[PDB]
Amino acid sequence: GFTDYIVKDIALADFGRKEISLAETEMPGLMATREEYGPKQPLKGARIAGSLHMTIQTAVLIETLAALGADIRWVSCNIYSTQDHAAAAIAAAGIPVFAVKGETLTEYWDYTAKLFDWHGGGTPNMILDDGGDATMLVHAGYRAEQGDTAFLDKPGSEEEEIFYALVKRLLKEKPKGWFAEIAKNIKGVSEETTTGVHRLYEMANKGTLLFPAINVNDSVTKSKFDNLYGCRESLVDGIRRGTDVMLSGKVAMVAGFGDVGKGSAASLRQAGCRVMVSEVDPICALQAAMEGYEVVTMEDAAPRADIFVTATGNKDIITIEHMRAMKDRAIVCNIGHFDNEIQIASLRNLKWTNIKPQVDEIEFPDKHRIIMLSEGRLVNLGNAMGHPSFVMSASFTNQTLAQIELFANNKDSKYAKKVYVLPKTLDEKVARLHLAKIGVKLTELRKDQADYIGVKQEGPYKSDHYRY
């Protein structure tokens, strides 16, 4: 029997299994990775602590890791992103998983801590992260365990106080040197998303990064696929399920025109909205204008737009003064990694009327209302099902290759305590594994053609500086 898990309802396991099987067909990169590396067992002996949205897509990633020999414990990286049938299927598979759609913030962080209590005794020796939270727990406890505890008493956020309480409690409950023990045993971390990678470079630059990191976000086959087309498909998906609103003929405002903001603006435009964009980057703003988006300030958009999407990875994008100016029943959501892009806490003395899970109506003093999705959390994961499997297969094949490099291909210490990206050969290899399913017929260079443009026939085909 198996009891080392927390999920919503284990009876959803058969439903999750059915959808996982369907996803496998949609994820040739992961399936082909199992076929190539399965016999090789490169992950035998790995103890991977995973912190990433516990979805059906993630379930295929987890079982790819296992098929390569990895021992695993897993949590979601957001309180609303778990798909409970995915989590149930992983638990029924005998993998410790702690993930519930709609868990509390305190549950979220205690579940993260369970990553590090390994079954059979000990600690993990790998981390797979999305947003850096698990990585941040190891570094925060380590910093405190070494005596610099001052920051632990100086919070300024609901989440951050809960997080600091976790770190104190772990220091009080766990053996000496538990964080030093963890930090010693972690061979590396692979990080999924822009915000988490930002956290890594803050540690790298300060000289506090405790183990090698691979930046999976900046694989071309991640950042130019997941962030772009993934959001192009899943943003309006989340809006439709939450609101069932007609998109044709409405005006939408997207804050940000990086990879996520580009995909977000395209999602709304393709659905029929007239899309305006904000930006602070003059290059990205010129991109938005040349694509036919009107580029305006949030002050300018607030009285006018029917729908608002923050996509910046920054904070305080949609403020309480913006929401006071919005038309009655304007829709507001967030597709960046963290909820502080919208001033959700400034709304809490207002009347909230819940409509359905992850959909609330908020009334202002002058009677106008707004429709908030997922309380400002990631709308594509909170209100729909995240990115579809196929594009997630590209991201998670990168993730698996990153795990293999850090765990198995660091005998010569080629990875120091810095942040790395996968080589272009592996980036191109990820793309190759997805060509058959979509029906691409790749042209083969002749040798004189390859010489002509200065590449080998087998690649890589571009300079490391190429932007695609």
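The first residue of the shown sequence is 1; numbering continues from there. Whichever C-alpha set is largest while still superposing within 1.5 Å between the two forms counts as the rigid core.
Between 153 to 161 and 348 to 356, greater CA displacement relative to the shown form is found for 153 to 161 when the structures in 4 other deposited structures of this protein are fitted on the core. Core-fitted comparison in 4 other deposited structures of this protein shows that, between 287 to 295 and 362 to 370, the CA atoms farther from the shown form belong to 362 to 370.
In this entry, 32 to 40 shows the higher mean Cα temperature factor of the pair 59 to 67 and 32 to 40. When 325 to 333 is weighed against 201 to 209, 201 to 209 comes out higher, by mean CA B-factor as recorded in the entry. Out of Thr297, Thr82, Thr123, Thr243, it is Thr123 whose C-alpha atom has the highest B-factor in the PDB entry. Set against one another, the Cα B-factors of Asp226, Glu103, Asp281, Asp218 in the record reach their highest point at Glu103. In this PDB entry, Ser374 carries a Cα temperature factor that places it within the middle third of its chain's modelled residues.
Ranked by Cα temperature factor within the chain, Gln270 sits in the lowest third according to the deposited record. Among the modelled residues of the chain, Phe390 sits in the lowest third by CA temperature factor in this PDB entry. Ranked by Cα temperature factor within the chain, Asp448 sits in the highest third according to the deposited record. Per the PDB record, residue ranking by Cα B-factor puts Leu12 in the highest third of the chain.
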